[PDB]
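A.B. asks: Got a structure for you, written out below as structure tokens; questions coming shortly.
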Amino acid sequence: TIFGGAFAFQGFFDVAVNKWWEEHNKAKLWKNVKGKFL
Amino acid sequence: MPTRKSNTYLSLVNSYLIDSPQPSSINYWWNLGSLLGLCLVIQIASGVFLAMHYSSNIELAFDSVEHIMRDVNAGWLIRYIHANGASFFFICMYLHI
Amino acid sequence: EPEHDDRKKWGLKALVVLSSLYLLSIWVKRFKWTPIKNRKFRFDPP
Amino acid sequence: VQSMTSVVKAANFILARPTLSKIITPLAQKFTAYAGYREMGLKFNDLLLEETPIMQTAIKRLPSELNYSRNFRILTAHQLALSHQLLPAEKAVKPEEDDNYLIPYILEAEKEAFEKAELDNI
Amino acid sequence: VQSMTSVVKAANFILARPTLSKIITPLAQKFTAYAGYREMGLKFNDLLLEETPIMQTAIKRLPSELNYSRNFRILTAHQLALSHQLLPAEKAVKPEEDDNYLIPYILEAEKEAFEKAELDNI
Amino acid sequence: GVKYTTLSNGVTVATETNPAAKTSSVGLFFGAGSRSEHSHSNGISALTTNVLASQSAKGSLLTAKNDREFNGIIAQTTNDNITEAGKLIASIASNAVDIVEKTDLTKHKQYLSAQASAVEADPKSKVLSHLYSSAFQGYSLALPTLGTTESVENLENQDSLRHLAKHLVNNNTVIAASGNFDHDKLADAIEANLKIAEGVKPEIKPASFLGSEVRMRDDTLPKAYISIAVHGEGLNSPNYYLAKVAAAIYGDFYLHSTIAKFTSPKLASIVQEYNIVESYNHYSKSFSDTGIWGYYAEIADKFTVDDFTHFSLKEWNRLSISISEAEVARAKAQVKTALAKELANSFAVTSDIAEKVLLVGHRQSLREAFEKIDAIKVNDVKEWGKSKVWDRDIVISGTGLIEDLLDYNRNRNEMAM
Ligand code: HEM
């Protein structure tokens with residue numbers, strides 16, 4: 001019963017943090033840099 | 001009698017954590033004790049999750065630690081939790097004393 | 001420190017969650033202690 | 001730990017000589033004022049370590065009115081420490097109310113204990 | 001576990017019919033004799049599991065003389081078990097002495113408990 | 001014969017005339033209790049009523065009725081002497097100011113102060129009296145009905161004379177009666193003898209419930225006395241009888257009574273597993289617009305106060321869940337009998353009819369009350385329980401051996417699960 005809210009909070013915080021982290025570190029990630037070294 | 005006082009295990013848990021009559025005037029310095037307990041617990045937990053991947057052999061010890069850091073999922077997290085939790089355990093113990 | 005990226009990201013998640021828990025615990029403690037914080041006494045012997 | 005009898009004996013040892021009383025008594029008064037217990041509504045005797053058979057016996061023999069006043073003072077001090085607030089100078093325990101009310105009973109209990117020890121040791 | 005009322009009801013269910021009584025009663029007597037409790041100074045009622053609120057109530061409701069006799073029988077049985085020795089047939093509890101003295105009290109307690117449960121369940 | 005009569009002036013004469021009444025009583029009431037006082041003049045309503053009730057009676061029994069809301073003098077006499085009693089109180093009331101002006105209050109103040117102290121001595125009245133105040137701290141309803149020793153000692157004839165002139169007015173006064181007598185003869189007798197000054201009905205001073213705990217830990221007493229209650233429905237509330245029904249579900253208990261082991265309420269069976277409580281009493285006290293619903297309990301063991309509060313409050317939770325039809329049927333019947341019992345004595349009904357006529361303006365006979373209670377289903381009780389009990393703020397009072405009574409948070413948390 002409790003697991004529902006816990007999972008909701010986990011998913012919400014995970015998605016928000018991931019989006020913010022990727023946006024803030026954008027230029028420094030491998031995914032965005034690979035194209036230059038292709 | 002409430003079930004928390006009749007059952008022996010719940011009776012003990014009650015006597016120690018539920019109706020334990022603490023003085024009303026105790027400030028936050030009296031919460032270090034429980035903190036230390038938590039520290040011990042986490043250490044033990046981390047320690048166990050390190051024993052599952054650590055090798056006691058001298059030639060394999062350090063290499064096994066690096067295996068934990070680099071290859072084991074969350075191995076770095078548990079290793080650092082254990083190492084820094086030793087220091088934090090002693091910080092809590094020094095403030096305790 | 002190959003885990004550096006993931007280490008700092010997990011640290012961010014942990015800080016967010018623990019800070020939320022800490023603020024909630026402060027609120028709940030000041031809450032539970034209002035009856036004792038606001039407690040008064042009177043002492044009226046003959 | 002130190003017997004109340006011993007500290008009273010030392011205090012009388014000093015007070016009997018103005019040469020040392022005139023020097024220490026002002027210092028003692030300033031120390032007690034700065035000790036900070038008065039602002040919490042406590043008297044010196046309230047601070048004494050109760051958890052000692054001699055101290056428990058002395059408390060049990062305390063008159064009803066003094067015992068109730070002491071209980072109220074202790075409760076007020078606990079409430080103040082809990083609320084992290086102090087009585088103003090108006091409500092604080094003035095120096096003259098530190099009457100050392102509990103010392104006579106503690107000394108009686110100490111004398112009884114010392115007499116017992118001295119008598120059974122022969 | 002089984003309510004004494006239920007076992008008494010079953011026993012009366014059987015005993016009301018000689019067709020089954022004439023067959024089982026001899027077997028029951030032989031089985032009680034072979035049970036081995038009589039040779040230790042115990043009656044059937046002494047074996048009953050006391051640690052039950054109904055049973056504790058029934059014992060507390062027992063007359064003084066019966067209670068003392070039961071205490072002596074239990075003590076004698078414990079001593080015999082401890083000494084690994086048994087009473088001879090002369091000193092053993094005769095079959096006619098198994099009077100089921102405690103059954104009425106247990107049945108009264110069971111009736112009270114069942115009445116409580118029935119009344120509060122409506 | 002509940003019929004009402006309005007005199008040439010606005011005074012209403014309500015009489016519960018009924019044949020086969022053992023004795024008859026008449027009483028003049030004005031709606032000014034401790035509610036309509038303030039701390040400086042607290043107890044003046046009781047003092048002024050005692051002075052009036054202290055007047056010589058022509059063989060009648062003058063007694064003073066003092067209450068939070070209403071206050072008046074009641075005269076009890078044989079049915080044939082009721083008209084004399086009616087004319088008597090009109091004489092008492094018309095001459096109220098004159099009597100008080102020359103009256104020496106010193107002896108009466110001693111009697112009133114003695115009453116108030118005696119109330120404090122009795123642990124139940126202290127706990128209840130403190131309980132009512134703690135719920136309504138800051139408002140006039142918190143004042144003791146009979147006042148307090150220090151408050152009374154400052155009373156003076158001017159205080160009461162100001163009080164009577166404010167409250168003893170035609171619109172704020174009612175006349176109650178009961179017994180085997182003709183209504184018209186009593187009304188005519190009153191009209192020819194009652195002369196009182198006109199005035200507006202004083203606005204009833206507001207009061208609001210505030211959950212709080214008042215502890216008077218008294219370790220020299222042999223038993224722990226506690227009461228816990230919530231903001232129960234008061235008079236002129238549609239749930240007034242519903243609140244009483246809810247209280248009767250848990251009913252009363254006394255450990256040393258022959259009925260203890262065989263009484264219906266679930267809490268009674270629970271507490272006997274350890275002899276937790278010696279006596280407890282569930283009640284629904286109702287004022288003009290506010291009521292307090294809860295229980296009073298006396299615990300003869302230092303170590304079982306917390307156990308009782310836990311179980312009693314746990315039982316309250318069952319109002320909103322798992323309440324049985326048998327309990328509601330029992331509570332409905334028990335309240336109906338208790339309601340009828342209160343109205344047996346002619347004195348009791350005279351007080352009751354005065355209370356309703358003042359505080360609600362209309363009264364319901366037992367016929368109407370039985371029709372209302374009989375219609376209370378299990379659901380209606382459960383909705384009331386959720387509204388007024390489930391997770392609602394409690395007010396706690398306790399005087400003796402309170403050390404084991406756990407603090408407010410613990411008890412209050414038991415009100416929900
Ligand atoms: C009070 C309890 C404990 C304390 C204070 C403690 C303290 C320490 C400290 C200071 C280190 C050094 C780590 C570093 O230098 O980075 C360490 C390493 C280690 N401890 Fe603990 N320890 C405790 C309990 C345990 C337990 C319960 C286990 C196993 C169940 C354990 C197993 C290990 C292992 C395997 C290492 C080395 C593994 C690695 O660093 O990769 N310890 N401990």
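Labels for the structure tokens follow display order: chains A, B, ..., residues from 1 in each chain, ligands from 1.
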Considering only C-alpha atoms, extract the chain A residues located within 12 Å of chain C and return them as a PDB file with N, CA, C and O atoms, in the first residue's frame.
C.D. replies:
ATOM      1  N   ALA A   6       5.870   5.659  -2.456  1.00  0.00           N
ATOM      2  CA  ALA A   6       7.328   5.626  -2.480  1.00  0.00           C
ATOM      3  C   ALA A   6       7.844   5.501  -3.906  1.00  0.00           C
ATOM      4  O   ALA A   6       8.778   6.209  -4.301  1.00  0.00           O
ATOM      5  N   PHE A   9       7.321   8.850  -5.748  1.00  0.00           N
ATOM      6  CA  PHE A   9       8.352   9.822  -5.400  1.00  0.00           C
ATOM      7  C   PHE A   9       9.682   9.457  -6.043  1.00  0.00           C
ATOM      8  O   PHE A   9      10.388  10.324  -6.572  1.00  0.00           O
ATOM      9  N   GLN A  10      10.046   8.175  -6.003  1.00  0.00           N
ATOM     10  CA  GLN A  10      11.301   7.749  -6.609  1.00  0.00           C
ATOM     11  C   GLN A  10      11.333   8.093  -8.090  1.00  0.00           C
ATOM     12  O   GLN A  10      12.284   8.715  -8.573  1.00  0.00           O
ATOM     13  N   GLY A  11      10.294   7.702  -8.826  1.00  0.00           N
ATOM     14  CA  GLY A  11      10.271   7.974 -10.253  1.00  0.00           C
ATOM     15  C   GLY A  11      10.288   9.457 -10.558  1.00  0.00           C
ATOM     16  O   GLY A  11      11.022   9.908 -11.441  1.00  0.00           O
ATOM     17  N   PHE A  12       9.487  10.237  -9.828  1.00  0.00           N
ATOM     18  CA  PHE A  12       9.434  11.678 -10.054  1.00  0.00           C
ATOM     19  C   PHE A  12      10.793  12.326  -9.827  1.00  0.00           C
ATOM     20  O   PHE A  12      11.294  13.071 -10.681  1.00  0.00           O
ATOM     21  N   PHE A  13      11.401  12.066  -8.670  1.00  0.00           N
ATOM     22  CA  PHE A  13      12.686  12.679  -8.375  1.00  0.00           C
ATOM     23  C   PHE A  13      13.744  12.212  -9.361  1.00  0.00           C
ATOM     24  O   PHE A  13      14.581  13.005  -9.799  1.00  0.00           O
ATOM     25  N   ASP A  14      13.714  10.931  -9.736  1.00  0.00           N
ATOM     26  CA  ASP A  14      14.697  10.418 -10.678  1.00  0.00           C
ATOM     27  C   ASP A  14      14.587  11.124 -12.022  1.00  0.00           C
ATOM     28  O   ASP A  14      15.591  11.576 -12.578  1.00  0.00           O
ATOM     29  N   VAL A  15      13.369  11.234 -12.562  1.00  0.00           N
ATOM     30  CA  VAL A  15      13.220  11.862 -13.873  1.00  0.00           C
ATOM     31  C   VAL A  15      13.631  13.327 -13.802  1.00  0.00           C
ATOM     32  O   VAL A  15      14.348  13.827 -14.676  1.00  0.00           O
ATOM     33  N   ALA A  16      13.183  14.039 -12.764  1.00  0.00           N
ATOM     34  CA  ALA A  16      13.516  15.456 -12.664  1.00  0.00           C
ATOM     35  C   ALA A  16      15.020  15.661 -12.546  1.00  0.00           C
ATOM     36  O   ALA A  16      15.599  16.504 -13.246  1.00  0.00           O
ATOM     37  N   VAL A  17      15.674  14.892 -11.673  1.00  0.00           N
ATOM     38  CA  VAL A  17      17.110  15.046 -11.473  1.00  0.00           C
ATOM     39  C   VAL A  17      17.860  14.680 -12.742  1.00  0.00           C
ATOM     40  O   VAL A  17      18.830  15.342 -13.116  1.00  0.00           O
ATOM     41  N   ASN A  18      17.436  13.612 -13.420  1.00  0.00           N
ATOM     42  CA  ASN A  18      18.114  13.217 -14.648  1.00  0.00           C
ATOM     43  C   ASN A  18      18.004  14.303 -15.706  1.00  0.00           C
ATOM     44  O   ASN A  18      18.998  14.653 -16.351  1.00  0.00           O
ATOM     45  N   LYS A  19      16.804  14.857 -15.893  1.00  0.00           N
ATOM     46  CA  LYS A  19      16.639  15.910 -16.889  1.00  0.00           C
ATOM     47  C   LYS A  19      17.498  17.117 -16.544  1.00  0.00           C
ATOM     48  O   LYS A  19      18.217  17.645 -17.404  1.00  0.00           O
ATOM     49  N   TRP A  20      17.450  17.563 -15.287  1.00  0.00           N
ATOM     50  CA  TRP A  20      18.223  18.739 -14.903  1.00  0.00           C
ATOM     51  C   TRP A  20      19.715  18.484 -15.053  1.00  0.00           C
ATOM     52  O   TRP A  20      20.457  19.346 -15.534  1.00  0.00           O
ATOM     53  N   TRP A  21      20.176  17.305 -14.635  1.00  0.00           N
ATOM     54  CA  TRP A  21      21.594  16.987 -14.706  1.00  0.00           C
ATOM     55  C   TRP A  21      22.071  16.942 -16.149  1.00  0.00           C
ATOM     56  O   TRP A  21      23.128  17.492 -16.480  1.00  0.00           O
ATOM     57  N   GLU A  22      21.301  16.300 -17.029  1.00  0.00           N
ATOM     58  CA  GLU A  22      21.692  16.244 -18.431  1.00  0.00           C
ATOM     59  C   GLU A  22      21.718  17.639 -19.038  1.00  0.00           C
ATOM     60  O   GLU A  22      22.642  17.981 -19.786  1.00  0.00           O
ATOM     61  N   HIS A  24      22.197  20.512 -17.498  1.00  0.00           N
ATOM     62  CA  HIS A  24      23.235  21.353 -16.914  1.00  0.00           C
ATOM     63  C   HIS A  24      24.626  20.899 -17.340  1.00  0.00           C
ATOM     64  O   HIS A  24      25.538  21.722 -17.477  1.00  0.00           O
ATOM     65  N   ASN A  25      24.810  19.598 -17.547  1.00  0.00           N
ATOM     66  CA  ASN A  25      26.081  19.037 -17.981  1.00  0.00           C
ATOM     67  C   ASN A  25      26.124  18.768 -19.480  1.00  0.00           C
ATOM     68  O   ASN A  25      27.034  18.076 -19.943  1.00  0.00           O
ATOM     69  N   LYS A  28      29.226  18.399 -21.681  1.00  0.00           N
ATOM     70  CA  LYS A  28      30.278  17.549 -21.143  1.00  0.00           C
ATOM     71  C   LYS A  28      29.958  16.060 -21.195  1.00  0.00           C
ATOM     72  O   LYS A  28      30.813  15.252 -20.823  1.00  0.00           O
ATOM     73  N   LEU A  29      28.769  15.668 -21.645  1.00  0.00           N
ATOM     74  CA  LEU A  29      28.425  14.255 -21.692  1.00  0.00           C
ATOM     75  C   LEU A  29      29.018  13.585 -22.926  1.00  0.00           C
ATOM     76  O   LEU A  29      29.341  14.236 -23.922  1.00  0.00           O
ATOM     77  N   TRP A  30      29.165  12.261 -22.840  1.00  0.00           N
ATOM     78  CA  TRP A  30      29.664  11.492 -23.976  1.00  0.00           C
ATOM     79  C   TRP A  30      28.690  11.525 -25.144  1.00  0.00           C
ATOM     80  O   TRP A  30      29.106  11.591 -26.307  1.00  0.00           O
TER      81      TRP A  30
END
A.B. asks: All residues within 12 Å of ligand 1 are required, counting only C-alpha atoms and all ligand atoms; please report them as a PyMOL selection string.
C.D. replies: chain B and resi 36-57+60-70+72+74-93
A.B. asks: Write a file of the just-selected residues containing N, CA and C atoms, as a compact mmCIF listing (two decimals), in the first residue's frame.
C.D. replies:
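Listed below is the output, part_39.txt:
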# COMPACT_ATOMS: atom_id res chain seq x y z
N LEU B 36 24.75 6.72 16.93
CA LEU B 36 25.81 5.72 16.93
C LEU B 36 25.27 4.35 16.56
N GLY B 37 24.16 3.95 17.18
CA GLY B 37 23.55 2.68 16.80
C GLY B 37 23.34 2.60 15.30
N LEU B 38 22.67 3.61 14.73
CA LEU B 38 22.49 3.63 13.28
C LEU B 38 23.83 3.44 12.59
N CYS B 39 24.83 4.22 12.99
CA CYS B 39 26.14 4.08 12.36
C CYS B 39 26.59 2.63 12.40
N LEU B 40 26.58 2.02 13.59
CA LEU B 40 26.97 0.62 13.67
C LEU B 40 26.18 -0.20 12.67
N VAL B 41 24.85 -0.08 12.70
CA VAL B 41 24.02 -0.84 11.78
C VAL B 41 24.52 -0.64 10.36
N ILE B 42 24.62 0.61 9.91
CA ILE B 42 24.98 0.82 8.52
C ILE B 42 26.35 0.20 8.26
N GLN B 43 27.30 0.42 9.17
CA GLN B 43 28.60 -0.21 8.99
C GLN B 43 28.44 -1.70 8.78
N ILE B 44 27.74 -2.37 9.69
CA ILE B 44 27.57 -3.81 9.55
C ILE B 44 26.98 -4.12 8.19
N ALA B 45 25.90 -3.42 7.82
CA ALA B 45 25.31 -3.68 6.52
C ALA B 45 26.35 -3.52 5.43
N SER B 46 26.99 -2.35 5.38
CA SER B 46 28.01 -2.15 4.36
C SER B 46 29.05 -3.24 4.45
N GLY B 47 29.51 -3.53 5.67
CA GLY B 47 30.54 -4.54 5.82
C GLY B 47 30.12 -5.86 5.21
N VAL B 48 28.89 -6.29 5.48
CA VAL B 48 28.44 -7.56 4.93
C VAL B 48 28.48 -7.50 3.42
N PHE B 49 27.97 -6.41 2.85
CA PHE B 49 27.95 -6.28 1.40
C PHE B 49 29.35 -6.09 0.84
N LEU B 50 30.34 -5.85 1.70
CA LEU B 50 31.73 -5.89 1.25
C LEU B 50 32.32 -7.29 1.40
N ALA B 51 31.92 -8.01 2.45
CA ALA B 51 32.43 -9.37 2.62
C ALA B 51 32.02 -10.27 1.46
N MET B 52 30.92 -9.95 0.79
CA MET B 52 30.46 -10.78 -0.32
C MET B 52 31.36 -10.66 -1.54
N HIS B 53 32.17 -9.61 -1.61
CA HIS B 53 33.05 -9.39 -2.75
C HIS B 53 34.51 -9.19 -2.37
N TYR B 54 34.83 -9.02 -1.10
CA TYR B 54 36.21 -8.87 -0.67
C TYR B 54 36.88 -10.23 -0.52
N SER B 55 38.16 -10.28 -0.85
CA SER B 55 38.97 -11.49 -0.71
C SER B 55 40.02 -11.24 0.37
N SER B 56 40.04 -12.10 1.38
CA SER B 56 40.95 -11.91 2.51
C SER B 56 42.40 -12.16 2.14
N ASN B 57 42.68 -12.86 1.05
CA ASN B 57 44.05 -13.18 0.70
C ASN B 57 44.85 -11.90 0.47
N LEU B 60 45.17 -10.87 -3.12
CA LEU B 60 43.89 -10.53 -3.72
C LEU B 60 43.14 -9.43 -2.98
N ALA B 61 43.61 -9.03 -1.80
CA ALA B 61 42.86 -8.08 -0.99
C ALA B 61 42.65 -6.76 -1.73
N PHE B 62 43.75 -6.05 -2.01
CA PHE B 62 43.63 -4.74 -2.64
C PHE B 62 42.99 -4.85 -4.02
N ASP B 63 43.36 -5.87 -4.78
CA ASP B 63 42.75 -6.06 -6.09
C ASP B 63 41.26 -6.32 -5.97
N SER B 64 40.85 -7.07 -4.94
CA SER B 64 39.42 -7.30 -4.73
C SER B 64 38.71 -6.01 -4.35
N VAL B 65 39.36 -5.16 -3.55
CA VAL B 65 38.77 -3.86 -3.22
C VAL B 65 38.56 -3.05 -4.48
N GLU B 66 39.56 -3.03 -5.36
CA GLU B 66 39.40 -2.30 -6.62
C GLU B 66 38.34 -2.94 -7.50
N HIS B 67 38.20 -4.26 -7.45
CA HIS B 67 37.10 -4.93 -8.13
C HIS B 67 35.76 -4.42 -7.62
N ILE B 68 35.65 -4.24 -6.30
CA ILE B 68 34.43 -3.68 -5.73
C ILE B 68 34.19 -2.28 -6.28
N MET B 69 35.25 -1.46 -6.30
CA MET B 69 35.09 -0.08 -6.75
C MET B 69 34.67 0.01 -8.22
N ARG B 70 35.29 -0.79 -9.08
CA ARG B 70 35.20 -0.59 -10.52
C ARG B 70 34.20 -1.49 -11.21
N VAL B 72 31.84 -4.07 -9.37
CA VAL B 72 30.63 -4.44 -8.66
C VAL B 72 29.63 -3.29 -8.70
N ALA B 74 27.22 -0.67 -7.58
CA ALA B 74 27.17 0.07 -6.32
C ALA B 74 28.31 -0.30 -5.39
N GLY B 75 29.34 -0.99 -5.89
CA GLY B 75 30.45 -1.36 -5.03
C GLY B 75 31.20 -0.16 -4.50
N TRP B 76 31.40 0.85 -5.35
CA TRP B 76 32.01 2.09 -4.89
C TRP B 76 31.20 2.70 -3.76
N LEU B 77 29.87 2.70 -3.90
CA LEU B 77 29.02 3.33 -2.90
C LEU B 77 29.17 2.63 -1.56
N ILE B 78 29.13 1.30 -1.56
CA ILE B 78 29.23 0.56 -0.31
C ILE B 78 30.62 0.71 0.29
N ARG B 79 31.66 0.68 -0.55
CA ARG B 79 33.02 0.80 -0.04
C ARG B 79 33.20 2.14 0.65
N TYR B 80 32.76 3.22 -0.01
CA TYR B 80 32.90 4.55 0.57
C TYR B 80 32.00 4.71 1.78
N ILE B 81 30.80 4.14 1.75
CA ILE B 81 29.93 4.19 2.91
C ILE B 81 30.64 3.58 4.11
N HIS B 82 31.25 2.41 3.91
CA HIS B 82 31.94 1.76 5.02
C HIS B 82 33.12 2.61 5.51
N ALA B 83 33.96 3.06 4.58
CA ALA B 83 35.17 3.79 4.98
C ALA B 83 34.82 5.08 5.70
N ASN B 84 33.94 5.89 5.11
CA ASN B 84 33.58 7.16 5.73
C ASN B 84 32.69 6.95 6.94
N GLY B 85 31.95 5.84 7.00
CA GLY B 85 31.13 5.58 8.16
C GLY B 85 31.94 5.17 9.36
N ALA B 86 33.12 4.59 9.14
CA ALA B 86 34.03 4.42 10.27
C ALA B 86 34.38 5.76 10.89
N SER B 87 34.78 6.73 10.06
CA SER B 87 35.13 8.05 10.57
C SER B 87 33.92 8.72 11.22
N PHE B 88 32.74 8.58 10.61
CA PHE B 88 31.55 9.20 11.17
C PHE B 88 31.13 8.52 12.46
N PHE B 89 31.32 7.21 12.55
CA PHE B 89 31.09 6.48 13.78
C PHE B 89 31.95 7.04 14.89
N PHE B 90 33.22 7.31 14.58
CA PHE B 90 34.08 7.88 15.60
C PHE B 90 33.77 9.34 15.89
N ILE B 91 33.28 10.11 14.91
CA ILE B 91 32.84 11.47 15.20
C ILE B 91 31.68 11.44 16.19
N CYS B 92 30.69 10.58 15.91
CA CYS B 92 29.55 10.46 16.81
C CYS B 92 29.99 9.97 18.18
N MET B 93 30.95 9.05 18.23
CA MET B 93 31.42 8.55 19.52
C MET B 93 32.17 9.61 20.29
A.B. asks: Excluding same-chain residues fewer than 4 positions from region 310-322 of chain F, what lies within 6 Å of it counting only C-alpha atoms, as a list in words?
C.D. replies: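 My reading of the contact set: residues 382, 385, 386 and 414 of chain F.
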A.B. asks: Using CA of residue 25 (chain F) and CA of residue 236 (chain F) as the two end points, give the distance in Å to one decimal.
C.D. replies: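 Value for the CA of residue 25 (chain F)-CA of residue 236 (chain F) distance: 25.5 Å.
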A.B. asks: Can I get the residues of chain E within 9 Å of chain F, each with the closest pair of atoms and their distance in Å to one decimal, using only C-alpha atoms, sorted chain first then ascending number, as CSV?
C.D. replies:
residue,atom,partner,partner_atom,distance
E:116,CA,F:262,CA,8.6
E:119,CA,F:264,CA,8.8
E:120,CA,F:264,CA,7.7
E:121,CA,F:326,CA,8.6
E:122,CA,F:326,CA,6.2
A.B. asks: Near residue 21 (chain B), counting only C-alpha atoms, which residues have an atom at most 12 Å away, once you skip same-chain residues fewer than 6 positions from it, shown as a list in words?
C.D. replies: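 The residues satisfying every condition are residues 14 and 15 of chain B; 403, 404, 406 and 407 of chain F.
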A.B. asks: Can those selected residues be exported to a file as a PDB file, in the first residue's frame so that it contains N, CA and C atoms?
C.D. replies:
ATOM      1  N   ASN B  14       8.924  -1.583  23.522  1.00  0.00           N
ATOM      2  CA  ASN B  14       8.236  -0.507  24.219  1.00  0.00           C
ATOM      3  C   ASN B  14       9.100   0.071  25.327  1.00  0.00           C
ATOM      4  N   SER B  15       9.625  -0.792  26.193  1.00  0.00           N
ATOM      5  CA  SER B  15      10.401  -0.317  27.328  1.00  0.00           C
ATOM      6  C   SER B  15      11.608   0.488  26.880  1.00  0.00           C
TER       7      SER B  15
ATOM      8  N   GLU F 403       0.667  10.637  37.475  1.00  0.00           N
ATOM      9  CA  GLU F 403       2.010  10.470  36.929  1.00  0.00           C
ATOM     10  C   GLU F 403       2.035   9.503  35.759  1.00  0.00           C
ATOM     11  N   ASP F 404       1.192   8.474  35.786  1.00  0.00           N
ATOM     12  CA  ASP F 404       1.166   7.503  34.701  1.00  0.00           C
ATOM     13  C   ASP F 404       0.363   7.974  33.498  1.00  0.00           C
ATOM     14  N   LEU F 406      -0.134   9.401  30.388  1.00  0.00           N
ATOM     15  CA  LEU F 406       0.773   9.878  29.360  1.00  0.00           C
ATOM     16  C   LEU F 406       0.281  11.213  28.813  1.00  0.00           C
ATOM     17  N   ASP F 407       1.220  11.994  28.290  1.00  0.00           N
ATOM     18  CA  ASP F 407       0.939  13.372  27.929  1.00  0.00           C
ATOM     19  C   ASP F 407      -0.066  13.430  26.781  1.00  0.00           C
TER      20      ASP F 407
END
A.B. asks: Tell me, as number ranges by chain, which residues lie within 8 Å of residue 86 (chain D), counting only C-alpha atoms; anything in the same chain fewer than 2 positions away does not count.
C.D. replies: D: 39-40, 80-81, 84, 88
A.B. asks: Take the residues that were just selected and, keeping N, CA and C atoms, output them as an mmCIF file, in the first residue's frame.
C.D. replies:
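What landed in out.cif:
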data_model
loop_
_atom_site.group_PDB
_atom_site.id
_atom_site.type_symbol
_atom_site.label_atom_id
_atom_site.label_comp_id
_atom_site.auth_asym_id
_atom_site.auth_seq_id
_atom_site.Cartn_x
_atom_site.Cartn_y
_atom_site.Cartn_z
ATOM 1 N N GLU D 39 18.896 31.967 37.072
ATOM 2 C CA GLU D 39 18.009 32.440 36.017
ATOM 3 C C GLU D 39 17.048 31.361 35.545
ATOM 4 N N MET D 40 17.324 30.096 35.848
ATOM 5 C CA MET D 40 16.424 29.004 35.507
ATOM 6 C C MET D 40 15.418 28.707 36.608
ATOM 7 N N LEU D 80 12.110 25.457 31.268
ATOM 8 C CA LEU D 80 12.907 26.522 30.675
ATOM 9 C C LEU D 80 14.019 25.960 29.803
ATOM 10 N N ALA D 81 14.737 24.950 30.296
ATOM 11 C CA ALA D 81 15.778 24.334 29.482
ATOM 12 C C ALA D 81 15.186 23.716 28.225
ATOM 13 N N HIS D 84 14.403 26.559 25.922
ATOM 14 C CA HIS D 84 15.569 27.378 25.609
ATOM 15 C C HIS D 84 15.302 28.851 25.902
ATOM 16 N N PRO D 88 13.493 36.380 33.355
ATOM 17 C CA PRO D 88 14.134 37.690 33.509
ATOM 18 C C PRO D 88 14.596 37.898 34.942
#
A.B. asks: Apply DSSP to the structure's backbone, then extract all residues of chain C labelled alpha helix (DSSP H) and return them as a PyMOL selection string.
C.D. replies: chain C and resi 4-37
A.B. asks: Please, what distance in Å, to one decimal, runs between CA of residue 5 (chain B) and CA of residue 300 (chain F)?
C.D. replies: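 Computing it gives 19.9 Å between the two atoms.
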A.B. asks: Using only C-alpha atoms, find each residue of chain C with at least one atom at most 10 Å away from an atom of chain D; report its shortest atom-to-atom pair and that distance in Å (one decimal), sort the rows by chain and rising residue number, and return the result as JSON lines.
C.D. replies:
{"residue": "C:33", "atom": "CA", "partner": "D:83", "partner_atom": "CA", "distance": 9.6}
{"residue": "C:34", "atom": "CA", "partner": "D:83", "partner_atom": "CA", "distance": 9.8}
{"residue": "C:36", "atom": "CA", "partner": "D:79", "partner_atom": "CA", "distance": 8.1}
{"residue": "C:37", "atom": "CA", "partner": "D:83", "partner_atom": "CA", "distance": 5.5}
{"residue": "C:38", "atom": "CA", "partner": "D:83", "partner_atom": "CA", "distance": 8.2}
{"residue": "C:39", "atom": "CA", "partner": "D:79", "partner_atom": "CA", "distance": 7.7}
{"residue": "C:40", "atom": "CA", "partner": "D:79", "partner_atom": "CA", "distance": 8.2}
{"residue": "C:41", "atom": "CA", "partner": "D:76", "partner_atom": "CA", "distance": 7.7}
{"residue": "C:42", "atom": "CA", "partner": "D:72", "partner_atom": "CA", "distance": 8.5}
{"residue": "C:43", "atom": "CA", "partner": "D:72", "partner_atom": "CA", "distance": 6.8}
{"residue": "C:44", "atom": "CA", "partner": "D:69", "partner_atom": "CA", "distance": 9.7}
{"residue": "C:45", "atom": "CA", "partner": "D:65", "partner_atom": "CA", "distance": 7.8}
{"residue": "C:46", "atom": "CA", "partner": "D:65", "partner_atom": "CA", "distance": 9.2}
A.B. asks: Separation of CA of residue 374 (chain F) and CA of residue 260 (chain F), in Å?
C.D. replies: 27.0 Å
A.B. asks: Extract, using only C-alpha atoms, all DNA, RNA and protein residues at most 10 Å from residue 302 (chain F), discarding same-chain residues fewer than 3 positions from it, and format them as a PyMOL selection string.
C.D. replies: chain F and resi 219+222-224+276+299+305-306+400-405
A.B. asks: Kindly assemble as CSV a list of the chain B residues that lie within 10 Å of chain F, each paired with its nearest atom pair and their distance in Å to one decimal, using only C-alpha atoms, sorted first by chain and then by ascending residue number.
C.D. replies:
residue,atom,partner,partner_atom,distance
B:1,CA,F:307,CA,6.2
B:2,CA,F:307,CA,6.8
B:5,CA,F:307,CA,9.5
B:19,CA,F:406,CA,8.9
